[PDB]
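Residue-level structural notes
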Amino acid sequence: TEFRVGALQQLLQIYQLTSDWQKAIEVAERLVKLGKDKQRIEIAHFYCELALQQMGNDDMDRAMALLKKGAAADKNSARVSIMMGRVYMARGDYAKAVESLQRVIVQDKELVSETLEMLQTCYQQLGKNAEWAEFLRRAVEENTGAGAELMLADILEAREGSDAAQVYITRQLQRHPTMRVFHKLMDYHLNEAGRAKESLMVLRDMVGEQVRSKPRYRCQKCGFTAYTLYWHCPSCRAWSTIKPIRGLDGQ
Amino acid sequence: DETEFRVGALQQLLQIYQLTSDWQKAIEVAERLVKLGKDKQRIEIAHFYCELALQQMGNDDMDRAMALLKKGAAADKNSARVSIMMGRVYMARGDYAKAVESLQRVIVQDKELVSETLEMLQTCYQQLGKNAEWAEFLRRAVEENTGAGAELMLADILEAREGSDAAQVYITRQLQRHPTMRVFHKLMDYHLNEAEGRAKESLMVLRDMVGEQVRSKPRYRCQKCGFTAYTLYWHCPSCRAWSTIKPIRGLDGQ
Ligand SMILES: [Zn+2]
Ligand SMILES: [Zn+2]
């Protein structure tokens, strides 16, 4: 309908700036039927933002209703799976929280790293700590990143000591080299007491400065970078474009 | 119009000829588009010549290749690839004086490719006995942030005069001013050199792991499509662009 699509697109952008998510859905729904299948992705995020402000009213069940509408809009949205997970955890339904959250593996494998702080407090309190270490082991070799590698490395330093963990990360750091796991060299720093002990911790600190100063996430549209995760990019105003930085300088 | 139709047909011939490595036929079509007003083709014309000069360099015909390179220089005054290939031609003919001249034109044509000229220039300056001027060129190159290759080159030269310690404090300075895994790797070698006692074994295994990443990581990336490569490809196998592959800058690279 020519100029009418332009007016909707503007209205759609302005309604997100004014954090008017319900109005943003109305405009986005019209664009979906006008041929803009890409706004399907953004409608699910709008239900996620609506649900977020329903959680601030404690109406956790109305929030869960918004998330199911969001899942209806985007089956592949990993954000709805994470938020439905937080709900099932709030209710103590730790089994259903693992059934979602693990949906992220099929939805966006670059975001499985985000479901690991939860799913840990889910396997714990479900009584399945051994099944958890198997999940991490199957996640590290599936290449989830330095996050899963170090969560697994912690479990072993407590089950089998500081010596069997040093030999573990050495093998994994070959298979998947990353500067963060190399920093875990403290394992060598637990020994060695001469002139080189005073030569090795200076090398570690150099690595340590880079581990904390280097950003953790980058937008795939523009170059935006941050230490935490954003669903909406504060530079190009896109959705689902910020993923963890994969590489030596990252995870 | 009738001219816009003919332009579109030349572009189709130029595409088919690039794709078949028919550089001679590609130059003919490209020269026609230049006549019509598409001057940006002169960039593709110089690469077409450099592909031909690469054919003649494979038959030890340095005079035929240098003739083609002069034609490429005439099409593209700014092609840094021409300057480098004329360095290889002068150097095989023993003309090390002229080799420095064309290789150094890269500083103007494409500052991101100067690191690709350092090893031949180091060879040109030792053959002329101008090893002291090479050091001055390198200090200027390190300060203009040419890369870890220049930083490491200057660090061997700084050892050939004042040894360790003196070269180390320079590297630790450059490492802080410009962190790279590669320079970090060299800093590790300075810390075990003249420093055995079961901690060297701890450091030596860490230095190997770093060096294992230095020898095996790709150093080049296409700026247009992000394709990475171990060699400097002038024609990007992925997106087929010309002179988009540059050395990877950063921690992962120079
Ligand atoms: Zn962005
Ligand atoms: Zn490319």
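Residues numbered from 1 in each chain as written, not as in the entry; some residues may be left out. Chains lettered and ligands numbered in written order. Heavy atoms only, no water. Residues with missing side-chain atoms left out of burial classes, pairs and counts.

What the entry reports as its method is X-ray crystallography, with 2.7000 Å given for the resolution.

**Thoughts on the interface of chain B and chain A**
Each partner contributes to the interface: chain B provides 17 residues, whereas chain A provides 17 residues. For the side of chain B that touches chain A, the secondary-structure elements that each account for two or more residues are helix 10 (148-177), helix 11 (181-192) and helix 12 (200-216) of chain B. Looking at which element gives the most residues to the side of chain B that touches chain A, the answer is helix 12 of chain B, with six residues. Partitioned by chemical class, the residues of the side of chain B that touches chain A number 12 nonpolar, four polar and one charged. (Contact = heavy atoms within 4.5 Å. Helix = DSSP H or I, 4+ residues; strand = E, 2+ residues; numbered from the N terminus. Nonpolar A, V, L, I, M, F, W, Y, C, P; charged D, E, K, R; others polar.)

**Section: the packing of helix 11 of chain B against helix 12 of chain B**
Residue and element names in this part refer to chain B. For the pair helix 11 and helix 12, interaxial distance at closest approach is 9 Å and the crossing angle is 155°. On the basis of their axis angle, the class for helix 11 and helix 12 is roughly antiparallel. Once helix 11 is placed against helix 12, the crossing between them reads as left-handed. Across from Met 181, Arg 182, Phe 184, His 185, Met 188, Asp 189 and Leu 192 in helix 11, the residues of helix 12 making contact are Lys 200, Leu 203, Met 204, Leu 206, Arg 207, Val 210, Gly 211, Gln 213 and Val 214. (Axes fitted to C-alpha atoms, helices over the stretch in contact; angles between N-to-C directions. Parallel < 35°, antiparallel > 145°, perpendicular 65-115°, else oblique. Left-handed = near helix turned anticlockwise from the far one by under 90°.)

**Description of the UniProt feature "binding site: Zn(2+)" (unreviewed entry) in chain A**
All names here are of chain A. What UniProt calls "binding site: Zn(2+)" (unreviewed entry) maps, in this numbering, to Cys 219, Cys 222, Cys 233 and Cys 236. Spatially, the listed residues are clustered: although they cover 18 residues, their C-alpha atoms lie within 9.0 Å of one another. You can see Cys 222 is positioned in the loop between strand 1 (217-219) and strand 2 (225-226). Discounting chain neighbours no more than four positions away, the residues touching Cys 222 are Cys 233, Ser 235 and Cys 236. By the element assignment, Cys 236 lies in the loop between strand 2 and strand 3 (242-244). Apart from residues lying up to four places away in sequence, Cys 236 is in contact with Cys 219, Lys 221 and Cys 222. (UniProt positions renumbered as here; feature names shortened; annotations may be inferred.)

**As for the packing of helix 4 (residues 60-73) of chain A against helix 5 (residues 78-90) of chain A**
All names here are of chain A. At a closest axis distance of 10 Å, the pairing of helix 4 and helix 5 adopts a crossing angle of 155°. Put simply, helix 4 runs roughly antiparallel to helix 5. The element helix 4 and its partner helix 5 pack so that their crossing is left-handed. Between helix 4, through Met 60, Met 64, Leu 67, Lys 68, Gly 70 and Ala 71, and helix 5, the contact on the second element is made entirely by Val 80, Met 83, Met 84, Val 87, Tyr 88 and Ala 90. Looking at the contact of helix 4 with helix 5 residue by residue, the class counts come to 10 nonpolar, one polar and one charged.

**A word on helix 10 of chain B**
Spanning 30 residues, helix 10 of chain B covers only 12 Å between terminal C-alpha atoms, well under the ideal 44 Å at 1.5 Å per step. At B:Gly163, helix 10 of chain B is bent by approximately 140°, the largest bend along its length. (Expected span 1.5 Å × (residues − 1). Bend = angle between axes of the 7 residues up to and from the residue.)

**Re the UniProt feature "binding site: Fe cation" (unreviewed entry) in chain A**
Residue and element names in this part refer to chain A. Listed under "binding site: Fe cation" (unreviewed entry) in the UniProt record, and renumbered for this structure, are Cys 219, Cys 222, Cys 233 and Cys 236. In this structure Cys 219 comes out as buried when scored by relative accessible area, which is 7%. With relative accessibility at 25%, the residue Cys 222 sits in the partly exposed group. (Buried < 20%, exposed > 50% of the residue type's maximum accessible area, 1.4 Å probe, protein only.)

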